[PDB]
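Structure assessment
Listed below are the residues making up each chain.
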Amino acid sequence: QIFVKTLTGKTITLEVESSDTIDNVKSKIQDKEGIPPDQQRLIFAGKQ
Amino acid sequence: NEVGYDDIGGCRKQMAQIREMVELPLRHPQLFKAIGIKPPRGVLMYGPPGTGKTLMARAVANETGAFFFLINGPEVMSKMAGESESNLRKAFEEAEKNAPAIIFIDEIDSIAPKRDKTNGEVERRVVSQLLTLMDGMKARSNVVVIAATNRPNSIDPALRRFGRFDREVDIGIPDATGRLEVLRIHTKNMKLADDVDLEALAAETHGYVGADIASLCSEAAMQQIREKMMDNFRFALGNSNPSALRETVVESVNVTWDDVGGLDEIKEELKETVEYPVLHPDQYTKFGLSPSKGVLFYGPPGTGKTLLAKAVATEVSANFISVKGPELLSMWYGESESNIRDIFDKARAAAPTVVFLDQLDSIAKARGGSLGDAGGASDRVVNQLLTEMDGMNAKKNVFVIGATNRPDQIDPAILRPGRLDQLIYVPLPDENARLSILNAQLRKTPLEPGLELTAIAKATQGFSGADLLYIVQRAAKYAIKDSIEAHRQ
Amino acid sequence: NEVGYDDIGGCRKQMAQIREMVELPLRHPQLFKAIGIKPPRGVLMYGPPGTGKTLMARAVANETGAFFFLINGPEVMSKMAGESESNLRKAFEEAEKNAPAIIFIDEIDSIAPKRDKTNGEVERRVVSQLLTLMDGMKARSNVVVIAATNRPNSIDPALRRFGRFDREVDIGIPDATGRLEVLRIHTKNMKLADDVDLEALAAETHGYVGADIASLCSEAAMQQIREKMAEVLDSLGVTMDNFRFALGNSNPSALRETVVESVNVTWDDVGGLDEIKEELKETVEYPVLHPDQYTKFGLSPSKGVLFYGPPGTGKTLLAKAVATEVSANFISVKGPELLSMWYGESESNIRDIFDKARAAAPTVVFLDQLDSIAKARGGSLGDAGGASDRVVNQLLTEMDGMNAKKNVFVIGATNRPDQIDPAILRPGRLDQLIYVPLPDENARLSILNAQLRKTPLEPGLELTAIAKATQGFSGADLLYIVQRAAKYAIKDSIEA
Ligand SMILES: Nc1ncnc2c1ncn2[C@@H]1O[C@H](COP(=O)(O)OP(=O)(O)OP(=O)(O)O)[C@@H](O)[C@H]1O
Ligand SMILES: Nc1ncnc2c1ncn2[C@@H]1O[C@H](COP(=O)(O)OP(=O)(O)OP(=O)(O)O)[C@@H](O)[C@H]1O
Ligand SMILES: Nc1ncnc2c1ncn2[C@@H]1O[C@H](COP(=O)(O)OP(=O)(O)OP(=O)(O)O)[C@@H](O)[C@H]1O
Ligand SMILES: Nc1ncnc2c1ncn2[C@@H]1O[C@H](COP(=O)(O)OP(=O)(O)O)[C@@H](O)[C@H]1O
């Protein structure tokens, strides 16, 4: 004719937010992004 | 899609006061300038879900031509507590740009819960963003916010204080004429015949929420399609389950005061107490205190106690709290006195509403200073019964019935005018009441009129009415056997 | 390799309910559905795990030539919120351009559980997008979403509204006529077989679902290879005892949970008690065989029958033959089995079986040995008597508070019929006063027809001689005169 009562407790979280390895950024630089319409980029030649 | 004002009814008394709350400050904002005060910003709605809470906001939006912004409850709160505060900042900024505008939100209990002992949720950073956003913006801007929820008491009390959500409306279940109006709306396109009824089809439902009317019409229409390779509405009630399935709002037995006979010292003595303050309260405010809540029923077993329980509950068409005898579940030591209090507060919210109990008088056995006793139940739950029964209010006029079969164990503190005081002995049905009970029960039987029940009343002298119900059951069970041996030959 | 037309036994009597919601929007929208009724799109398949829905949804796509999809519950929802939304959005726009299409969803309970104690809000994000995308497809999109789960009560009640999910079809466990086609499919791929029919082996495998039957043909085929090690394919013809070996090491699907199947007991296994049999053919069989007869008079039949007598007769043992005749479930509870150990721990354990008694209908519930509850009304005035007054009003209010239109019945059989509670012998709860004594002395030869049939001397006059000797012999003691055959005749006949 009796009872059992017990509560609980929690811990939410911690974070660091660590990212961006160096090998991904070196591949991130050597690319293209697009050029409007007529914004050619050119070639050039010389030094015969 | 494109809904209007004439698509829903029942809450027309509340629909008129809504049209002066969200259309009058938007169409005429200069009327509040002449009176000086600011127009109200927040009005919320509640009730059972599926009475058209989301369809009501879309009806008044298309009938005004204003901007209609929508933020869903369980959608924007499921993010990682960083984009919800910017979505609410984007909500009020876009509504200010294209004024006049309304803002409809639904399921605000999922956004704004209450603070309780079970801490561990987020419960912050989103509703506090709504607090600092709503208290401003009142520089005669044509913007209003409309909230919608299911449980109106799980909301945080900081919202319903002042200036944020001050006006409330209670769109509940419709009446018998309310379901009759939505039956004509949902059957405007189905080519029915002349055999269907509308008043009898609405009266045979008696507990159906407005979302069921679209489902019950499509179930009967699908049955009519299947017979090609129109009274199929009664087939749809036997197949489909009504909404609010396993709650305390059950209504499936439609026994009225005609189907129950006799006991004229109880029918007029129940009309004196539970129909007079709920219909004519103008005389009760100048002739003492209004309500006569408690009433007791005692007598022999099977004397017709609960036969009149659902009969009075369907006369005024109010709610019927069907709490059984051992409903004090008593899983521990403290919740056994607490689970009886929220059902009393629910009776005050849905007032007037009849509450039923059975044999909960246990303070005569709860003597002081002994050894044989329980661990906190059946001796301290009567101390809660000595303080939660007379918790009355003049704006509710509730009433509670009580049926027992042992009037010798009545507590000396429960037979009091502050408790259930009106005790009425339910006697045996005499030779005049035996005909009034049994003839109303074989009304559904297509019987022959040669057999009169006066011979049954002469053969039953000390029989109860439930024992007479076995006689018409045995007469019907052998009429089934008379019908079984009629189609095989 | 794809599925055939039907390809599953034990479902052809209910496969039309899933089928008829498919062709009727497309094969006739002019004369059948242009009245102004929108097509229902949400169905709900459920049942025990192993009835084969996943396939059943493949069979209706092959029979109609419609496009098929595959979405698993814990698979797509285990991705990110934006990732699961993009897979959900790209599946419905793909289904629009190839109408008719079938979108199969499985395991709804993992996506939408109940909200009684499941705290947190990560589940309500994805189920709000499912109800959103099910609305704007009104005009000509021939799509029917198939939701697959196990229990119908575990799904949220918000999903069962108008237009979202309407059809709740339940493919059940097949009988011997149903599972015979399942054995016919998984044996036509075999080279040879025995000269014994498969219905003789499927008669004892009653509570075996048709996913286990696909394994038992393979479970006995490998023992045929293990028995040896057309030159090695002559052993591939399975024998009737290797099925018994497969039944000897069988893992029954009903054994993995509680056993609630219907036993194969009948009325010819007992001798006598025919006055009870003619009374117990009207109370629970006439509502379920002729459901329109009691609705003509508007009076439902009586729910509840009470037995009382000596513990020797079969009053608790013949009640299983009452429910199993019309294939109803049997739940047997005992009086002094569950009680109030702590305080109030019995009334919650009484109404916990009433909800599942009407969900899986037809079921019955068998209350037995009421000499621990129905004896205390005004006699016991102790502390246990105060707890006795709290436990007897639970079942007294539940006898008239139960739903009597869901063919749920109580059957009682209790000794000591003098001190029964007076509020349980009232009509409506227990009104069939049927006394069950020991059976008659001339009806005791018909008891022994079940257990033994083969006797080279054919007795039956000496067994009635000791039956007619005295009236004090019980209905179970004379059944034990052939239960002692292993001590009488089988003992001295196996030494060879
Ligand atoms: N006057 C009315 N009363 C009740 N139901 C109506 C009425 N008019 C239409 N209905 C039907 O009821 C449905 C309204 O349900 P609704 O869209 O409000 O769901 P809800 O669950 O109440 O909304 P929420 O998700 O905000 O709780 C409509 O689909 C419509 O067919
Ligand atoms: N006016 C009446 N007089 C006598 N019997 C009635 C009357 N109306 C209905 N009855 C029958 O009596 C039964 C009422 O039983 P109920 O359990 O409600 O009260 P009861 O028999 O007094 O039970 P209890 O003794 O537990 O209070 C119904 O099943 C009904 O058929
Ligand atoms: N008519 C039939 N009834 C029962 N079982 C069948 C039938 N026909 C084939 N089977 C066998 O039963 C299996 C079907 O099980 P299924 O693939 O549906 O698993 P399931 O657990 O039901 O699916 P889900 O993962 O969606 O729950 C098949 O592997 C098949 O061999
Ligand atoms: N017609 C019958 N004649 C003799 N014995 C029977 C008969 N029916 C059942 N039994 C025996 O009685 C048992 C089932 O009923 P029983 O256990 O006697 O219930 P109770 O003990 O409550 O009377 C079975 O084990 C069976 O052997």
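Residues numbered from 1 in each chain as written, not as in the entry; some residues may be left out. Chains lettered and ligands numbered in written order. Part of a larger assembly, values for the part shown. Heavy atoms only, no water.

**Structural notes on a negative patch on the surface**
Residue and element names in this part refer to chain B. So the rule is basically this: Patch membership requires more than 30% relative accessible area and the absence of a salt bridge. Residues of like charge join within 9 Å; the nonpolar side chains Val, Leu, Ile, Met, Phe, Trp and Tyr join within 5 Å. To measure how exposed things are, a 1.4 Å probe is used in the Shrake-Rupley method; for residues, cover is taken only from the protein chains shown. Criterion for a salt bridge: a side-chain nitrogen of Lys or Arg within 4 Å of a carboxyl oxygen of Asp or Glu. We score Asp and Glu as negative and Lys and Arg as positive, and we do not count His or the chain ends. Here the site of a charge means NZ on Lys, CZ on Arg, CG on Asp, or CD on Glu. Put simply, DSSP H or I for four residues or longer makes a helix, DSSP E for two residues or longer makes a strand, and each gets a number counted from the N terminus. Categorising residues by exposure relies on relative accessible area from a 1.4 Å probe, with only protein chains included: less than 20% of the type maximum marks a residue as buried, more than 50% marks it as exposed, and the intermediate range marks it as partly exposed.
Taken together, the side chains of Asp264, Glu265, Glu268, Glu269, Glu272, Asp430 and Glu431 present a region of like negative charge at the surface. Position of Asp264 among the secondary structure elements: in helix α13 (residues 264-271). The class for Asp264 is exposed, based on a relative accessible area of 53%.

**Some points on the sheet that holds strand β10 (residues 432-435) of chain C**
Residues and elements named next belong to chain C. Rule in force here: Strands are labelled as partners when DSSP assigns at least two bridges between them. Angles shown run from 0 to 180 degrees and are taken between the N-to-C directions of axes, each axis being a line fitted to C-alpha atoms and, for helices, limited to the stretch in contact.
Ordered in space as β7-β8-β9-β6-β10, the five strands form an open sheet in which the pairing is parallel. Both outer strands of the open sheet, β7 (329-334) and β10, are each paired with one neighbouring strand and no more. With strand direction ignored, the average angle separating the axes of adjacent strands in the sheet is 20°. Where strand β6 (residues 305-308) meets strand β9 (residues 410-413), three bridges bridge the pair, whose relative direction is parallel. Directly across from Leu306, in β9, lies its bridge partner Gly412.

**Thoughts on the site of ligand 3**
All names here are of chain C. Here is the rule: We define proximity as follows: a residue is near a molecule or strand when any one of its heavy atoms falls within 4 Å of that partner. For the purposes of these results, a polar contact is taken to be a pair of N or O atoms within 3.5 Å, where, inside protein, one atom must be able to donate a hydrogen and its partner to accept one; residues adjacent in sequence count only when each atom of the pair is a side-chain atom. Classification used: nonpolar for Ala, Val, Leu, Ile, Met, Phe, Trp, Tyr, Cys and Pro, charged for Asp, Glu, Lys and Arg, polar for all others including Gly.
Taken together, 13 residues lie near ligand 3, and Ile8, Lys53, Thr54, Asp106 and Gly210 sit nearest. A distance of 2.7 Å separates a nitrogen atom of ligand 3 from a polar atom in the backbone of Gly9. Between ligand 3 and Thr54, the relevant distance is 3.4 Å, taken from an oxygen atom to a main-chain nitrogen or oxygen of the residue. For the shell around ligand 3, the residue count by class is three nonpolar, seven polar and three charged.

**Some details on the interface of chain C and chain B**
What counts, and what does not: By definition in these notes, contact holds between two residues if any of their heavy atoms fall within 4.5 Å. Summed over both partners, the accessible area lost on bringing two parts together, with a 1.4 Å probe, is the buried area.
Listed by partner, the interface residues are 45 residues for chain C and 57 residues for chain B. Together chain C and chain B conceal approximately 4,700 Å² of surface at their shared face, both sides included; 57% is due to carbon and sulfur atoms. Summed over the shared surface of chain C and chain B, the number is three salt bridges. Across the chain C-chain B interface, the total number found is 12 residue pairs in polar contact. Those elements giving two or more residues to the side of chain C that touches chain B turn out to be α6 (124-133), α13 (293-297) and α16 (383-401) of chain C. Examining the composition of the side of chain C that touches chain B, we find that six residues originate from one element, α16 of chain C, more than from any other. Tallied by class, residues from the side of chain C that touches chain B come to 14 nonpolar, 14 polar and 17 charged.

**Brief notes about the interface of chain B and chain A**
At the interface, six residues of chain B touch five residues of chain A. In total, chain B and chain A occlude about 530 Å² of area from one another, counting both sides; carbon and sulfur atoms represent 59% of this. Among the residues of chain B in contact with chain A, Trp332, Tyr333 and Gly375 of chain B are the three that bury the most area, contributing 66% of the side total. The interface formed by chain B and chain A holds two residue pairs in polar contact in total. Class assignment of the residues belonging to the side of chain B that touches chain A gives a composition of four nonpolar, one polar and one charged.

**Some details on the UniProt feature "binding site: ATP 1" in chain C**
Residue and element names in this part refer to chain C. Heads up, the rule is: UniProt positions are given in the numbering used here, feature names are shortened, and annotations may be inferred rather than shown by experiment.
Under the UniProt annotation, "binding site: ATP 1" lies at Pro49, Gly50, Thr51, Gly52, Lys53, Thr54, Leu55, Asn150 and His186. With a sequence span of 138 residues, these residues are also far apart in the fold, their greatest C-alpha distance being 25.1 Å. Considering the arrangement of structural elements, one finds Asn150 in the loop between β4 (143-148) and β5 (167-170). Under the relative-accessibility criterion, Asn150 is labelled buried at 14%. The contact partners of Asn150, leaving out residues within four places of it in the chain, are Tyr46, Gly47, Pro49, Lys53 and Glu107. Considering the arrangement of structural elements, one finds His186 in the loop between α7 (180-185) and α8 (199-202).

**Examining the UniProt feature "binding site: ATP 2" in chain C**
Residues and elements named next belong to chain C. What UniProt calls "binding site: ATP 2" maps, in this numbering, to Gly312, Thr313, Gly314, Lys315, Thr316 and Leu317. Mapped onto the elements of the fold, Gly314 is located in the loop between β6 and α14 (320-323). Classification of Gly314 by relative accessible area gives partly exposed; the value is 26%. Mapped onto the fold, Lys315 is located in the loop between β6 and α14. Since its relative accessible area comes to 9%, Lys315 is described here as buried. Those residues within four positions of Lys315 in sequence are excluded, and the remaining contacts are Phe307, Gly309, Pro310, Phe366, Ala413, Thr414 and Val436. A polar contact of 2.5 Å, which involves the side chain of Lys315, links it to the backbone oxygen of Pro310.

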